[PDB]
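The block underneath contains the structure these notes are about, expressed in structure tokens.
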2 protein chains.
Amino acid sequence: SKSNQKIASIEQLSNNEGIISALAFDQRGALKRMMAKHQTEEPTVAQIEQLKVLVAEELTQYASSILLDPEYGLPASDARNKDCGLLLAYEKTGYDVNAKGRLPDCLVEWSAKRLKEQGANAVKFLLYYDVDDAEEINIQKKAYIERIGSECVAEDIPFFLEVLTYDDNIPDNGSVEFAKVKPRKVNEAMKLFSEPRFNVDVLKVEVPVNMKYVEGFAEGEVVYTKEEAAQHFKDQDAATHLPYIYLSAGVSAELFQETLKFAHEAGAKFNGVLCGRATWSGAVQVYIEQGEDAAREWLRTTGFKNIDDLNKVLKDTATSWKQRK
Amino acid sequence: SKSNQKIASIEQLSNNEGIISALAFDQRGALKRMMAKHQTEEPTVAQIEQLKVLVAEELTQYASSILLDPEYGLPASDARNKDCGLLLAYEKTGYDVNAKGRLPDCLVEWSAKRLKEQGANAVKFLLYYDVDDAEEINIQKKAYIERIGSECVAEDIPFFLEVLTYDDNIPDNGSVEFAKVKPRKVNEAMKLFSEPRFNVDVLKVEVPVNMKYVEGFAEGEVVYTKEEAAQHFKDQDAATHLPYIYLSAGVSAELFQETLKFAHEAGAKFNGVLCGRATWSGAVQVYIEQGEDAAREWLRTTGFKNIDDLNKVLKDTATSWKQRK
Ligand SMILES: [Zn+2]
Ligand SMILES: [Zn+2]
Ligand SMILES: [Zn+2]
Ligand SMILES: [Zn+2]
Ligand SMILES: [Zn+2]
Ligand SMILES: [Zn+2]
């Protein structure tokens, strides 16, 4: 029984079939790491704002919505296509490697009310979550999400909760050891944050396996057979009643496309994507080394190919956010 | 047009005339400072919980509600009189003297939803605010209060905002220099936090003058005449449309009583009090030095006299929270 305004706002984030075919560019710390590979200087605010503007200007005509951060992304939000909706990120970027727990913390100048006043159709918040963590840590995380979920009810604005999994006992997310526990980490977190007390509207989540270790896709060690990986997608689908969409996690455009196909064939009725680096990552080096004009040209050719190829796959694979179990 | 449930909850916090005749004991850091004057050991959790229990057991029959903190005050909340309502504090105790700005920060395990689930009839949050501070500091404070105000709308629970004033240029609140600016600091903060965007239900505030420097009350220097002090109370009344109640700030029971009379004669239509140390402060030394039985005896004699004398003054001076301008 979702409120009329929350329904209306999620319609504004979705395409004409109800698929969330969204473009993600709220990267801050992560964008700076990408830029640091191609220049010796620290990135400027102006530089970062302008790169986000280029992506919004060139690619939002092909997206149903764009996710931006309010620290650098407000000029880009003004530049978005007239039919493209807006999500704004609410968490501070990254986490303190020297503090235990990756504890969640909102941007200090912002509230759900102020994000709505900037024109957001949704508030997005990223939480790092390990279901096996100490309860002393996880209680703080549950309480924090309850606050944000309550703010978004009062402000009558959809709450998109992004969950990224981790385990302090397995510090490398990309490892074989992490790949074995990932389905559990992802699916259990979804079960928890689907509880009504968190007031989440849409979950933005990882695919439950690391595809780099799935039979057929794997160039090295194989952690799961195709049958095993497919079952992890089925378990993910059963973990929530809420609409859920996938993040790209910086894999190649082609691997992300083949992942969505695999999810669909396995029986995950995912409702779209918030796809960032798989679409636009190549623009960063071009912008730095060649300049603005060359970056625009990259976005009009390769960027366009990446998002158009993605949209074609979504048409065949994704399910309206309104579909009910 | 307050919601039905918020109205019902504030009725539960008020007496049969609609006056908030409430008992405050959410002190944590401040209570420890009081206890440290009478023992060499650091206070224990068990010790602090039990002192709050004694106050709830002996005095809540004479109060319309009690304000407690969720860190030590939950056993005391269970012990309150059946007709006495409950407010729970949401902020961490005190502030970091080594960090600039006294920036607001909720208790990490709590949310408005969880406070409501403990049986609170209201959420109370303390904000330290200097209207003359840098905007870089104050924007964070406004954003933070907007979040809490929004949570309390969603959870349909009254939001009591306590404001304490300060000025980093005048580090001693109790000084003559601070006394001169206090009315401005207090009244301007009330004007700001009465804006609809903060969703405050009731303001808990300081009296706008330091009575220790008002003509007639002053033993030393006189900062304001009686006429001048009376006008500051009139300005306070005009600063808000919301119900507002006074905190005691640890003055004597008799001075607090004469302050409420002065406010009333000046034309401040205050709606009650959240009175803490003026009522129970003497119990702390007795509990530590003499023990539990002696503390109960103090509460049944002097404690009772203090709260009963206060209730008599409130009957003559305070206005229903429902009164409209
Ligand atoms: Zn390079
Ligand atoms: Zn993301
Ligand atoms: Zn198909
Ligand atoms: Zn003593
Ligand atoms: Zn107080
Ligand atoms: Zn009178």
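No hydrogens, no waters, no symmetry mates; every other heavy atom, side chains included, goes into these values. Chain identifiers are assigned alphabetically (A, B, ...) following the order of the sequence lines, protein sequences preceding nucleic acid strands; residue numbering begins at 1 within each chain.
- Checked against the 6.0 Å centroid criterion, the rings of A:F159 and A:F125 do not qualify as a close aromatic pair.
- In summary, B:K113 and B:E155 engage in a salt bridge, as defined by a charged side-chain N under 4.0 Å from a carboxylate O.
- Proximity to chain A (any heavy atom under 4.5 Å) is shown, for B:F198, by neither the backbone nor the side chain.
- If you check the side chains of B:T165 and B:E206, you find a donor sitting under 3.5 Å from an acceptor.
- Contacts of B:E135 with chain A are absent, with no heavy-atom separation under 4.5 Å from either backbone or side chain.
- Between B:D156 and B:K6 there is no salt bridge, since none of the side-chain N atoms of the basic residue sits less than 4.0 Å from a carboxylate O of the acidic one.
- In this structure, chain A has heavy atoms under 4.5 Å from both the backbone and the side chain of B:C106.
- Taking B:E109, B:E136, B:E151 one by one and counting their heavy-atom pairs under 4.5 Å with chain A, the maximum is reached by B:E151.
- Using a cutoff of 4.0 Å between basic side-chain nitrogens and carboxylate oxygens, A:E188 and A:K191 are scored as salt-bridged.
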Query raised in the report: Are B:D69 and B:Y90 close enough, and set up right, to give a side-chain hydrogen bond (donor to acceptor under 3.5 Å, both in side chains), and what steps lead you there?
Result: CA-CA 7 Å; B:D69 64 290; B:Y90 192 13; over 6 Å; no
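- B:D168 pairs by the side chain to side chain donor-acceptor pair (under 3.5 Å) definition with B:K100, not counting sequence neighbours.
- Checked by atom type, the side-chain pair A:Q50/A:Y72 shows no donor-acceptor distance below 3.5 Å.
- By a heavy-atom distance cut of under 4.5 Å, A:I139, A:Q140, A:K142, A:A143, A:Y144, A:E146 are the residues of residues 138-146 of chain A near chain B, going up by number.
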